[PDB]
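Worksheet for the structure shown next.
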Amino acid sequence: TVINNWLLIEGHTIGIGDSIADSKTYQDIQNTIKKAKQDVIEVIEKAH
Amino acid sequence: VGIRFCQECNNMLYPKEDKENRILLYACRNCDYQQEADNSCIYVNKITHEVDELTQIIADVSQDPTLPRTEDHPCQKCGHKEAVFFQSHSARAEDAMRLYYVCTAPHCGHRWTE
Ligand SMILES: [Zn+2]
Ligand SMILES: [Zn+2]
Numbered sequence: 674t675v676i677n678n679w680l681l682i683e684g685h686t687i688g689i690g691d692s693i694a695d696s697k698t699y700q701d702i703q704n705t706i707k708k709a710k711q712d713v714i715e716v717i718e719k720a721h
Numbered sequence: 012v013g014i015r016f017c018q019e020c021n022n023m024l025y026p027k028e029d030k031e032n033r034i035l036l037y038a039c040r041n042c043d044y045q046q047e048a049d050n051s052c053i054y055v056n057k058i059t060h061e062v063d064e065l066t067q068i069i070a071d072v073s074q075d076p077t078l079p080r081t082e083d084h085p086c087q088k089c090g091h092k093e094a095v096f097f098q099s100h101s102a103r104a105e106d107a108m109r110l111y112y113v114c115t116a117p118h119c120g121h122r123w124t125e
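Now the structure itself:
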C-alpha cells in the first residue's frame, strides 16, 4: 500500500528513450560486431 | 578390386583357385566359363576410405548459380580467373572442411583442391 501510493507521486514508465543508447555506444557496438564478423571470416578461411 | 562379368552367360564371376598351376582364376558358377586373372587381388577394403573426391566431382557443377565463386584462384589448365568453390558436399567424409574448386568457362571442367 505505502509503496504504491508513493509511486503515485514518483511514477514509473518504459518507452523509446529507455531503449536508445548514445551514438558513441552505437559506434562501439558496431565496431565490436564488425570485428567479430572479421574474426569469424578469418576462422572460416583458416578452416578452408 | 573390381568385379568382372562372365563371357558366356554374362553373369558375375567368382575367384577360383587352380590346384595344378597355382594361378588365380575367375570361374563363373552358373556355367563352365573360366578366365585368367590379371590383377591377382580379390578383396580390397579401405577403412580410411581416403578416396579422392575429385573423381566424384562433376564438371557441370560449375553451372550452379547458387554456388560461391572467386576470382582469386585461377585454373591450372586454361588459367581462367573465374572459379567456383564448395566444400566436401558429402557425408562420412571424416573431418574435412577443405574447399574443392571447379573451373568455370565451357569445355574446361577442371577440378583441383588447395
Ligand atoms: Zn557364366
Ligand atoms: Zn580452367
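For the record, the sequence lines run as chains A and I.
Each residue of the first sequence is one higher than the one before, starting from 674 at the first, in the authors' numbering.
Each residue of the second sequence is one higher than the one before, starting from 12 at the first, in the authors' numbering.
Ideal placement from N, C-alpha and C gives every residue a C-beta, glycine not left out.
- At a cut-off of 8 Å between C-beta atoms, residue 721 of chain A counts as an interface residue with respect to chain I.
- Burial state of residue 73 of chain I is buried, judged by a 10 Å Cβ sphere holding 16 or more other Cβ atoms.
- Chain A has no Cβ within less than 8 Å of the Cβ of residue 23 of chain I.
- Residue burial is scored here from C-beta neighbours: residue 115 of chain I has at least 16 other C-beta atoms within 10 angstroms and is therefore classed as buried.
- Contacts between residue 109 of chain I and chain A, judged by CB atoms closer than 8 Å, involve 721 in chain order.
- Looking at the backbone, the Cα of residue 108 of chain I and that of residue 716 of chain A are separated by about 12 Å.
- When I:103, I:102 and I:81 are compared, the shortest CA-CA separation from residue 93 of chain I is found for I:81.
- Inclusion of residue 86 of chain I and residue 118 of chain I in the CB contact set at 8 Å is not warranted, their separation being larger than that value.
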